[PDB]
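upload_5.cif, holding mmCIF, C-alpha atoms:
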data_entry
loop_
_atom_site.group_PDB
_atom_site.id
_atom_site.type_symbol
_atom_site.label_atom_id
_atom_site.label_comp_id
_atom_site.auth_asym_id
_atom_site.auth_seq_id
_atom_site.Cartn_x
_atom_site.Cartn_y
_atom_site.Cartn_z
ATOM 1 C CA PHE A 1 -8.234 14.400 -11.034
ATOM 2 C CA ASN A 2 -11.477 14.119 -9.005
ATOM 3 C CA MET A 3 -13.233 12.020 -6.303
ATOM 4 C CA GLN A 4 -12.584 8.726 -8.152
ATOM 5 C CA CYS A 5 -8.832 9.471 -8.419
ATOM 6 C CA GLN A 6 -8.656 10.493 -4.728
ATOM 7 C CA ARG A 7 -10.417 7.264 -3.638
ATOM 8 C CA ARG A 8 -8.244 5.144 -5.992
ATOM 9 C CA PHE A 9 -5.036 6.704 -4.552
ATOM 10 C CA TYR A 10 -6.261 6.218 -0.950
ATOM 11 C CA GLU A 11 -7.120 2.550 -1.659
ATOM 12 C CA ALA A 12 -3.831 1.899 -3.540
ATOM 13 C CA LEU A 13 -1.793 3.336 -0.626
ATOM 14 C CA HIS A 14 -3.744 1.240 1.905
ATOM 15 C CA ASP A 15 -3.328 -2.092 0.043
ATOM 16 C CA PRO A 16 -1.180 -4.590 2.065
ATOM 17 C CA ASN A 17 -1.864 -7.282 -0.598
ATOM 18 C CA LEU A 18 0.512 -5.434 -2.972
ATOM 19 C CA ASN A 19 4.259 -4.962 -2.403
ATOM 20 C CA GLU A 20 6.153 -1.654 -2.781
ATOM 21 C CA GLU A 21 6.831 -2.013 -6.541
ATOM 22 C CA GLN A 22 3.244 -3.056 -7.396
ATOM 23 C CA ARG A 23 1.749 -0.307 -5.190
ATOM 24 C CA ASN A 24 3.997 2.456 -6.632
ATOM 25 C CA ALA A 25 3.129 1.239 -10.167
ATOM 26 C CA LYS A 26 -0.594 1.404 -9.220
ATOM 27 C CA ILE A 27 -0.198 4.989 -7.869
ATOM 28 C CA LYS A 28 1.716 5.911 -11.062
ATOM 29 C CA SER A 29 -1.089 4.422 -13.232
ATOM 30 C CA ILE A 30 -3.790 6.417 -11.363
ATOM 31 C CA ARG A 31 -1.717 9.630 -11.603
ATOM 32 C CA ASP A 32 -0.981 9.128 -15.328
ATOM 33 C CA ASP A 33 -4.651 8.349 -16.136
ATOM 34 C CA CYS A 34 -6.124 11.190 -14.026
#

Step by step, read the file and then write its structure as structure tokens.
Amino acid sequence: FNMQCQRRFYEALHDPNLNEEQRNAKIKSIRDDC
């Protein structure tokens, strides 16, 4: 967990292109990795 993870979360949240499921999976991936 650092600046990259923060920015990745912020981006993933604010990503209209993705739906709920995709977005939550993205958040989960960041959180798992970091």

Show me the residues close to (-9.7, 16.5, -11.4) - anything with an atom within 12 Å, counting only C-alpha atoms - and format the list as an MDAnalysis selection string.
chainID A and resid 1:6 30:31 33:34

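The gap separating atom CA of residue 27 of chain A from atom CA of residue 14 of chain A is 11.1 Å, in Å to one decimal.
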
Mind pulling up the distance from atom CA of residue 12 of chain A to atom CA of residue 29 of chain A?
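Calculated distance between atom CA of residue 29 of chain A and atom CA of residue 12 of chain A is 10.4 Å.
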
Please write out, as AutoDock Vina command-line options, where the centre of an axis-aligned box around all listed atoms of segment 23-26 of chain A lies and how long its edges are, in Å to one decimal, after adding 8 Å on each side.
--center_x 1.7 --center_y 1.1 --center_z -7.7 --size_x 20.6 --size_y 18.8 --size_z 21.0

Leaving out residue 15 of chain A and any residue of its chain fewer than 5 positions from it, which residues lie within 12 Å of it when counting all atoms listed in the file, given as number ranges by chain?
A: 8-10, 20, 22-24, 26-27

Missing atoms in segment 5-33 of chain A should be modelled up to N, CA and C atoms and reported as a PDB file, keeping the file's coordinate frame.
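Below you can see selection-v1.pdb, which holds the result:
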ATOM      1  N   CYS A   5     -10.285   9.509  -8.461  1.00  0.00           N
ATOM      2  CA  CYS A   5      -8.832   9.471  -8.419  1.00  0.00           C
ATOM      3  C   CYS A   5      -8.350   9.505  -6.972  1.00  0.00           C
ATOM      4  N   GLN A   6      -8.933  10.392  -6.155  1.00  0.00           N
ATOM      5  CA  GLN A   6      -8.656  10.493  -4.728  1.00  0.00           C
ATOM      6  C   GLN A   6      -8.871   9.141  -4.042  1.00  0.00           C
ATOM      7  N   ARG A   7     -10.056   8.549  -4.224  1.00  0.00           N
ATOM      8  CA  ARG A   7     -10.417   7.264  -3.638  1.00  0.00           C
ATOM      9  C   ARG A   7      -9.479   6.150  -4.114  1.00  0.00           C
ATOM     10  N   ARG A   8      -9.161   6.118  -5.413  1.00  0.00           N
ATOM     11  CA  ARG A   8      -8.244   5.144  -5.992  1.00  0.00           C
ATOM     12  C   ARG A   8      -6.850   5.256  -5.366  1.00  0.00           C
ATOM     13  N   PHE A   9      -6.318   6.477  -5.212  1.00  0.00           N
ATOM     14  CA  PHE A   9      -5.036   6.704  -4.552  1.00  0.00           C
ATOM     15  C   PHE A   9      -5.078   6.179  -3.118  1.00  0.00           C
ATOM     16  N   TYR A  10      -6.084   6.603  -2.343  1.00  0.00           N
ATOM     17  CA  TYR A  10      -6.261   6.218  -0.950  1.00  0.00           C
ATOM     18  C   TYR A  10      -6.267   4.693  -0.795  1.00  0.00           C
ATOM     19  N   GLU A  11      -7.058   4.004  -1.625  1.00  0.00           N
ATOM     20  CA  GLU A  11      -7.120   2.550  -1.659  1.00  0.00           C
ATOM     21  C   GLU A  11      -5.745   1.955  -1.974  1.00  0.00           C
ATOM     22  N   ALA A  12      -5.118   2.400  -3.070  1.00  0.00           N
ATOM     23  CA  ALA A  12      -3.831   1.899  -3.540  1.00  0.00           C
ATOM     24  C   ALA A  12      -2.748   2.005  -2.466  1.00  0.00           C
ATOM     25  N   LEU A  13      -2.681   3.146  -1.766  1.00  0.00           N
ATOM     26  CA  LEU A  13      -1.793   3.336  -0.626  1.00  0.00           C
ATOM     27  C   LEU A  13      -2.066   2.261   0.424  1.00  0.00           C
ATOM     28  N   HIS A  14      -3.331   2.137   0.839  1.00  0.00           N
ATOM     29  CA  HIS A  14      -3.744   1.240   1.905  1.00  0.00           C
ATOM     30  C   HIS A  14      -4.106  -0.133   1.330  1.00  0.00           C
ATOM     31  N   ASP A  15      -3.141  -0.786   0.666  1.00  0.00           N
ATOM     32  CA  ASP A  15      -3.328  -2.092   0.043  1.00  0.00           C
ATOM     33  C   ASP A  15      -2.162  -3.025   0.403  1.00  0.00           C
ATOM     34  N   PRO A  16      -2.193  -3.648   1.597  1.00  0.00           N
ATOM     35  CA  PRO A  16      -1.180  -4.590   2.065  1.00  0.00           C
ATOM     36  C   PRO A  16      -0.927  -5.762   1.111  1.00  0.00           C
ATOM     37  N   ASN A  17      -1.946  -6.164   0.337  1.00  0.00           N
ATOM     38  CA  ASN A  17      -1.864  -7.282  -0.598  1.00  0.00           C
ATOM     39  C   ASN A  17      -0.764  -7.065  -1.640  1.00  0.00           C
ATOM     40  N   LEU A  18      -0.523  -5.804  -2.022  1.00  0.00           N
ATOM     41  CA  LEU A  18       0.512  -5.434  -2.972  1.00  0.00           C
ATOM     42  C   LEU A  18       1.817  -5.170  -2.223  1.00  0.00           C
ATOM     43  N   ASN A  19       2.950  -5.360  -2.908  1.00  0.00           N
ATOM     44  CA  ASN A  19       4.259  -4.962  -2.403  1.00  0.00           C
ATOM     45  C   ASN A  19       4.552  -3.522  -2.835  1.00  0.00           C
ATOM     46  N   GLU A  20       5.742  -3.020  -2.490  1.00  0.00           N
ATOM     47  CA  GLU A  20       6.153  -1.654  -2.781  1.00  0.00           C
ATOM     48  C   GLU A  20       6.089  -1.358  -4.281  1.00  0.00           C
ATOM     49  N   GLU A  21       6.706  -2.214  -5.103  1.00  0.00           N
ATOM     50  CA  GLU A  21       6.831  -2.013  -6.541  1.00  0.00           C
ATOM     51  C   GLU A  21       5.447  -1.949  -7.191  1.00  0.00           C
ATOM     52  N   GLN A  22       4.613  -2.956  -6.912  1.00  0.00           N
ATOM     53  CA  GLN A  22       3.244  -3.056  -7.396  1.00  0.00           C
ATOM     54  C   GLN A  22       2.437  -1.817  -7.010  1.00  0.00           C
ATOM     55  N   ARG A  23       2.474  -1.448  -5.726  1.00  0.00           N
ATOM     56  CA  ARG A  23       1.749  -0.307  -5.190  1.00  0.00           C
ATOM     57  C   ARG A  23       2.169   0.988  -5.886  1.00  0.00           C
ATOM     58  N   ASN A  24       3.475   1.267  -5.964  1.00  0.00           N
ATOM     59  CA  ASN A  24       3.997   2.456  -6.632  1.00  0.00           C
ATOM     60  C   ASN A  24       3.586   2.492  -8.107  1.00  0.00           C
ATOM     61  N   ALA A  25       3.607   1.343  -8.794  1.00  0.00           N
ATOM     62  CA  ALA A  25       3.129   1.239 -10.167  1.00  0.00           C
ATOM     63  C   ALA A  25       1.637   1.581 -10.259  1.00  0.00           C
ATOM     64  N   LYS A  26       0.836   1.129  -9.287  1.00  0.00           N
ATOM     65  CA  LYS A  26      -0.594   1.404  -9.220  1.00  0.00           C
ATOM     66  C   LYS A  26      -0.831   2.913  -9.064  1.00  0.00           C
ATOM     67  N   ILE A  27      -0.156   3.547  -8.093  1.00  0.00           N
ATOM     68  CA  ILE A  27      -0.198   4.989  -7.869  1.00  0.00           C
ATOM     69  C   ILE A  27       0.158   5.731  -9.161  1.00  0.00           C
ATOM     70  N   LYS A  28       1.255   5.328  -9.812  1.00  0.00           N
ATOM     71  CA  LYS A  28       1.716   5.911 -11.062  1.00  0.00           C
ATOM     72  C   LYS A  28       0.640   5.805 -12.149  1.00  0.00           C
ATOM     73  N   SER A  29      -0.024   4.646 -12.261  1.00  0.00           N
ATOM     74  CA  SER A  29      -1.089   4.422 -13.232  1.00  0.00           C
ATOM     75  C   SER A  29      -2.267   5.370 -12.993  1.00  0.00           C
ATOM     76  N   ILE A  30      -2.718   5.497 -11.735  1.00  0.00           N
ATOM     77  CA  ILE A  30      -3.790   6.417 -11.363  1.00  0.00           C
ATOM     78  C   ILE A  30      -3.403   7.840 -11.766  1.00  0.00           C
ATOM     79  N   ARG A  31      -2.201   8.277 -11.376  1.00  0.00           N
ATOM     80  CA  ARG A  31      -1.717   9.630 -11.603  1.00  0.00           C
ATOM     81  C   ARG A  31      -1.612   9.950 -13.093  1.00  0.00           C
ATOM     82  N   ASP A  32      -1.090   9.007 -13.883  1.00  0.00           N
ATOM     83  CA  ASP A  32      -0.981   9.128 -15.328  1.00  0.00           C
ATOM     84  C   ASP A  32      -2.367   9.279 -15.962  1.00  0.00           C
ATOM     85  N   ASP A  33      -3.289   8.372 -15.619  1.00  0.00           N
ATOM     86  CA  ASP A  33      -4.651   8.349 -16.136  1.00  0.00           C
ATOM     87  C   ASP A  33      -5.392   9.652 -15.818  1.00  0.00           C
TER      88      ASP A  33
END
